[PDB]
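S.K.: I'd like to ask you about the structure that follows.
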Number of protein chains: 2
Amino acid sequence: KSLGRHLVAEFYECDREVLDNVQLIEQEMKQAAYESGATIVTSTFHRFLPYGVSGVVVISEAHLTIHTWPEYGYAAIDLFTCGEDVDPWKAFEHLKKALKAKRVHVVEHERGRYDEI
Amino acid sequence: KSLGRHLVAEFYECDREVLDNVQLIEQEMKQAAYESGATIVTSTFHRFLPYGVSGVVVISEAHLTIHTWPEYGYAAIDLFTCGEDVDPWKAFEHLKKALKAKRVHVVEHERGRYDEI
């Protein structure tokens with residue numbers, strides 16, 4: 001149907017200690033990419049004091065990104081995967097559990113629809 | 001009304017040679033980040049084989065990403081920016097021009113709505 005599947009997710013009421021832990025966030029993001037069966041290309045995570053954590057796990061022709069706002073218990077997550085063998089929802093599940101999100105809103109986009117290309 | 005603005009764009013019928021030029025793509029992506037008013041934290045580009053370029057420019061609490069499919073003249077672009085000072089539509093303009101897309105579809109998402117946070 002499409003080259004890739006992309007989940008644009010809003011995570012609310014997360015564990016704020018976790019959202020402010022850059023080493024833990026990177027760990028859980030890499031674990032999520034593994035759960036989805038994705039192949040990791042590179043991974044870069046950082047936390048600059050005035051903010052929360054930001055990071056990206058670049059995968060084959062796609063990416064998993066996260067930007068956290070500990071002060072609001074909120075996280076902006078994007079799970080973009082390519083290939084019928086890579087499931088964005090597996091990454092979503094692991095992350096939802098790891099961040100202890102109590103409320104989520106997710107929009108799923110078909111990136112590169114075959115009838116559009 | 002929200003922490004950030006997010007453009008999910010589909011670029012069709014792009015200059016396939018540009019889509020497969022990893023150095024040029026990197027230049028236009030960082031330049032697009034400049035024109036939008038964002039602050040680049042880091043960036044990482046990789047070329048997919050036999051064809052394709054992947055890249056992510058991490059900015060303050062956000063990101064700009066691109067995944068190209070030269071064999072289809074298609075590129076999946078994401079322009080997520082935070083702050084009233086950064087406008088994702090400027091990056092879009094620069095990229096539309098750089099890739100010479102002849103048809104584009106863009107969805108704008110509000111990431112982290114204040115009324116939800």
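Ordering of the structure tokens sets the chain letters (A, B, ...); residue numbers start at 1 within each chain; ligands are numbered from 1 in the order shown.
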May I ask you to extract the residues of chain A within 9 Å of chain B, using only C-alpha atoms, and to give them as an MDAnalysis selection string?
M.R.: chainID A and resid 8:13 41:42 44 51:56 58 60:63 65:68 72:76 109 111:112 116:117
S.K.: Compute the post-superposition RMSD of the C-alpha atoms of chain A relative to chain B, with atoms paired in order and the fit done by least squares.
M.R.: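 Overlaying the two chains on their C-alpha atoms yields 0.6 Å.
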S.K.: According to DSSP computed on the backbone, where in chain A is there alpha helix (DSSP H)? Give the residues as number ranges by chain.
M.R.: A: 16-19, 22-35, 88-98
S.K.: If you keep N, CA and C atoms, can you produce a file of those selected residues as a JSON list (two decimals), in the first residue's frame?
M.R.:
```
[["chain", "number", "residue", "atom", "x", "y", "z"],
["A", 16, "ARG", "N", 7.67, 11.48, 34.63],
["A", 16, "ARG", "CA", 8.58, 12.61, 34.42],
["A", 16, "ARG", "C", 10.04, 12.35, 34.75],
["A", 17, "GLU", "N", 10.31, 11.37, 35.60],
["A", 17, "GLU", "CA", 11.68, 11.04, 35.94],
["A", 17, "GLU", "C", 12.28, 10.39, 34.70],
["A", 18, "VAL", "N", 11.50, 9.54, 34.06],
["A", 18, "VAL", "CA", 11.95, 8.86, 32.85],
["A", 18, "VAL", "C", 12.17, 9.83, 31.69],
["A", 19, "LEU", "N", 11.24, 10.77, 31.52],
["A", 19, "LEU", "CA", 11.32, 11.76, 30.44],
["A", 19, "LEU", "C", 12.55, 12.64, 30.55],
["A", 22, "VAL", "N", 18.11, 11.01, 29.99],
["A", 22, "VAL", "CA", 18.58, 10.79, 28.64],
["A", 22, "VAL", "C", 19.16, 9.40, 28.38],
["A", 23, "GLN", "N", 19.83, 8.82, 29.37],
["A", 23, "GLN", "CA", 20.41, 7.50, 29.16],
["A", 23, "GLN", "C", 19.31, 6.44, 29.08],
["A", 24, "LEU", "N", 18.26, 6.62, 29.88],
["A", 24, "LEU", "CA", 17.15, 5.68, 29.89],
["A", 24, "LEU", "C", 16.30, 5.83, 28.62],
["A", 25, "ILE", "N", 16.09, 7.07, 28.19],
["A", 25, "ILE", "CA", 15.31, 7.33, 26.99],
["A", 25, "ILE", "C", 15.99, 6.70, 25.77],
["A", 26, "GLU", "N", 17.30, 6.89, 25.63],
["A", 26, "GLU", "CA", 18.01, 6.30, 24.50],
["A", 26, "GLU", "C", 17.89, 4.78, 24.51],
["A", 27, "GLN", "N", 17.97, 4.21, 25.70],
["A", 27, "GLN", "CA", 17.88, 2.77, 25.87],
["A", 27, "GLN", "C", 16.52, 2.26, 25.40],
["A", 28, "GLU", "N", 15.46, 2.87, 25.90],
["A", 28, "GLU", "CA", 14.11, 2.46, 25.56],
["A", 28, "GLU", "C", 13.78, 2.68, 24.08],
["A", 29, "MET", "N", 14.35, 3.72, 23.47],
["A", 29, "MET", "CA", 14.12, 3.98, 22.04],
["A", 29, "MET", "C", 14.81, 2.90, 21.19],
["A", 30, "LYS", "N", 16.03, 2.53, 21.56],
["A", 30, "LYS", "CA", 16.74, 1.49, 20.81],
["A", 30, "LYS", "C", 16.01, 0.16, 20.98],
["A", 31, "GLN", "N", 15.48, -0.08, 22.18],
["A", 31, "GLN", "CA", 14.75, -1.31, 22.47],
["A", 31, "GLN", "C", 13.48, -1.35, 21.59],
["A", 32, "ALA", "N", 12.82, -0.20, 21.46],
["A", 32, "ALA", "CA", 11.61, -0.12, 20.64],
["A", 32, "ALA", "C", 11.92, -0.43, 19.18],
["A", 33, "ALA", "N", 13.02, 0.11, 18.67],
["A", 33, "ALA", "CA", 13.41, -0.12, 17.28],
["A", 33, "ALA", "C", 13.65, -1.61, 17.06],
["A", 34, "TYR", "N", 14.20, -2.26, 18.08],
["A", 34, "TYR", "CA", 14.47, -3.69, 18.03],
["A", 34, "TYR", "C", 13.15, -4.46, 18.01],
["A", 35, "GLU", "N", 12.21, -4.04, 18.86],
["A", 35, "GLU", "CA", 10.90, -4.68, 18.94],
["A", 35, "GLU", "C", 10.18, -4.61, 17.60],
["A", 88, "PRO", "N", 5.67, -0.40, 13.27],
["A", 88, "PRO", "CA", 5.76, 0.77, 14.15],
["A", 88, "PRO", "C", 5.03, 0.56, 15.47],
["A", 89, "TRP", "N", 3.95, -0.21, 15.42],
["A", 89, "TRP", "CA", 3.15, -0.45, 16.61],
["A", 89, "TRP", "C", 3.86, -1.23, 17.71],
["A", 90, "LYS", "N", 4.87, -2.02, 17.34],
["A", 90, "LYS", "CA", 5.63, -2.75, 18.35],
["A", 90, "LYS", "C", 6.47, -1.73, 19.12],
["A", 91, "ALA", "N", 7.01, -0.74, 18.42],
["A", 91, "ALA", "CA", 7.81, 0.31, 19.06],
["A", 91, "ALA", "C", 6.91, 1.13, 19.98],
["A", 92, "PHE", "N", 5.71, 1.43, 19.49],
["A", 92, "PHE", "CA", 4.73, 2.19, 20.27],
["A", 92, "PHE", "C", 4.44, 1.52, 21.61],
["A", 93, "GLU", "N", 4.18, 0.21, 21.55],
["A", 93, "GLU", "CA", 3.85, -0.56, 22.75],
["A", 93, "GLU", "C", 4.95, -0.52, 23.80],
["A", 94, "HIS", "N", 6.19, -0.75, 23.37],
["A", 94, "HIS", "CA", 7.31, -0.73, 24.30],
["A", 94, "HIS", "C", 7.46, 0.65, 24.92],
["A", 95, "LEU", "N", 7.39, 1.69, 24.10],
["A", 95, "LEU", "CA", 7.53, 3.05, 24.59],
["A", 95, "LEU", "C", 6.40, 3.44, 25.53],
["A", 96, "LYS", "N", 5.18, 3.05, 25.18],
["A", 96, "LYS", "CA", 4.02, 3.36, 26.00],
["A", 96, "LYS", "C", 4.23, 2.77, 27.39],
["A", 97, "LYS", "N", 4.80, 1.57, 27.44],
["A", 97, "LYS", "CA", 5.04, 0.89, 28.70],
["A", 97, "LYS", "C", 6.21, 1.52, 29.46],
["A", 98, "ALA", "N", 7.31, 1.78, 28.75],
["A", 98, "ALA", "CA", 8.52, 2.36, 29.34],
["A", 98, "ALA", "C", 8.35, 3.76, 29.93]]
```
S.K.: Of the candidates A:2, A:50, A:37, A:100, which shows the shortest atom-to-atom distance to residue 71 of chain A, using only C-alpha atoms?
M.R.: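 Under the stated criterion, the closest residue is A:50.
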